[PDB]
Amino acid sequence: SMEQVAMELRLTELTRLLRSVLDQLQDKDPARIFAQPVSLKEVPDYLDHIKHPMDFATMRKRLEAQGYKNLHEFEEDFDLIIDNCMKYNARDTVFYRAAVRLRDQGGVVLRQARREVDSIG
């Protein structure tokens, strides 16, 4: 149907905008601490601590399959990256501190992304 096509076009355009948001957020992680999944070979106990691991590569795979239906879903995955890190790692670590700085800088980006998603529809 044409209604289905129009909905698919909206999802495509949201995907475009979330790809630009993802790039901007990932630039706030210049150390690449959040680029890839925590390795279970290197951190064998990880899934005992963290029940829903997340990272920027995993988000990019979901995004390219158009798997984010709305901005809330995308934000949920970004908050997992930050919140997982801040639980597993202590305050005194470069990992925790990277997560704080990514949260603080990413808030700016997300505040305007929400206005754009609502504005464009």
Side-chain angles (χ1 to χ4, degrees), residues 1-2 4-6 8 11-15 17-40 42-60 62-68 70-110 112-119 121:
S1 76
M2 195 58 216
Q4 289 296 320
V5 169
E8 290 166 1
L11 174 61
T12 300
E13 287 308 301
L14 177 66
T15 304
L17 176 156
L18 295 179
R19 192 177 304 118
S20 169
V21 174
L22 180 64
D23 289 344
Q24 287 176 69
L25 293 174
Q26 187 154 21
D27 287 339
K28 311 313 177 157
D29 172 33
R32 304 191 68 84
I33 288 162
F34 305 104
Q36 293 292 331
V38 173
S39 171
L40 303 170
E42 305 178 347
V43 190
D45 73 0
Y46 195 64
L47 295 187
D48 293 341
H49 293 264
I50 297 302
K51 295 302 171 181
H52 293 98
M54 190 50 50
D55 66 274
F56 286 128
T58 300
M59 293 190 62
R60 193 174 296 279
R62 181 165 171 192
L63 183 59
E64 292 312 326
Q66 299 188 347
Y68 298 111
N70 57 50
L71 180 60
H72 182 66
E73 292 187 339
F74 178 96
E75 293 176 321
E76 280 190 334
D77 271 355
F78 178 68
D79 285 334
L80 284 172
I81 294 177
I82 300 315
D83 292 339
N84 289 345
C85 184
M86 296 170 72
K87 295 172 186 72
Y88 190 77
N89 303 107
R91 238 159 2 259
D92 73 336
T93 63
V94 61
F95 308 107
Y96 186 113
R97 288 166 175 276
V100 167
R101 289 163 63 83
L102 175 60
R103 193 199 56 191
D104 285 348
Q105 291 196 296
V108 180
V109 171
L110 289 168
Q112 193 59 32
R114 161 56 66 206
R115 292 189 68 86
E116 285 172 346
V117 170
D118 290 352
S119 183

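We use all heavy atoms of the structure for the numbers below, so side chains are in, but hydrogens, waters and symmetry mates are not. Along the sequence shown, residues are numbered consecutively beginning with 1.
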**OP:** Could you tell me the separation between the CG atom of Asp79 and the CE atom of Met86, rounded to the nearest 0.5 Å?
**Re:** 11.0 Å
Subject >> Closest contact, heavy atoms only, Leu11 versus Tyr68 >> reply: CD1-O, 3.5 Å
Subject >> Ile82 to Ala99 - nearest heavy-atom pair and separation >> reply: CD1-O, 3.7 Å
Original post:
Rounded to the nearest 0.5 Å, how far does CG of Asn84 lie from NZ of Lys51?
Top reply: 11.5 Å
Original post:
Is any side-chain heavy atom of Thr93 closer than 4.5 Å to a side-chain heavy atom of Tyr88?
Top reply: no
Subject >> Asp55 vs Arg32, salt bridge (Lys or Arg N to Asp or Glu O under 4.0 Å): CA-CA, chis, key distance, verdict >> reply: CA-CA 10 Å; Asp55 66 274; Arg32 304 191 68 84; over 6 Å; no
Original post:
Do you know which of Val21, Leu22, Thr15 makes side-chain contact (heavy atoms from CB on, under 4.5 Å) with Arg19?
Top reply: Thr15
Original post:
Which distance, rounded to the nearest 0.5 Å, do you find between the CG of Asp77 and the NE2 of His72?
Top reply: 10.5 Å
Original post:
Which of parallel (below 30°), tilted (30 to 60°) and perpendicular (above 60°) describes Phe56 and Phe78?
Top reply: parallel
Subject >> Nearest-0.5 Å distance that lies between atom CG in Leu47 and atom NE2 in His52 >> reply: 10.5 Å
Original post:
For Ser20, does its backbone N or O pair with a side-chain atom of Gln24 as donor and acceptor, under 3.5 Å?
Top reply: yes
**OP:** Find the distance between CD (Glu76) and CG (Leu71) and round it off to the nearest 0.5 Å.
**Re:** 10.5 Å
Original post:
What distance separates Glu75 CD from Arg114 CZ, expressed to the nearest 0.5 Å?
Top reply: 6.0 Å
Original post:
Is there a side chain to side chain donor-acceptor pair (under 3.5 Å) between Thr12 and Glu8 once you walk through the steps?
Top reply: CA-CA 6 Å; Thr12 300; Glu8 290 166 1; over 6 Å; no
**OP:** Measure the shortest side-chain to side-chain distance between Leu17 and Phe74 over non-hydrogen atoms and say whether it is less than 4.5 angstrom.
**Re:** no
Original post:
What heavy-atom pair brings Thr58 and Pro37 nearest, and what distance separates the two atoms?
Top reply: OG1-CG, 4.2 Å
Original post:
Is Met59 close to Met54 at the side-chain level, that is, under 4.5 Å between some pair of heavy atoms?
Top reply: yes
**OP:** Please report the shortest heavy-atom distance between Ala90 and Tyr96, naming the atom on each side.
**Re:** O-CB, 3.1 Å
Subject >> Side-chain touch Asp83/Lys87, heavy atoms, less than 4.5 angstrom >> reply: yes
**OP:** Can you see which heavy atom on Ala35 is nearest to which on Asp29, and at what distance?
**Re:** N-OD2, 3.8 Å
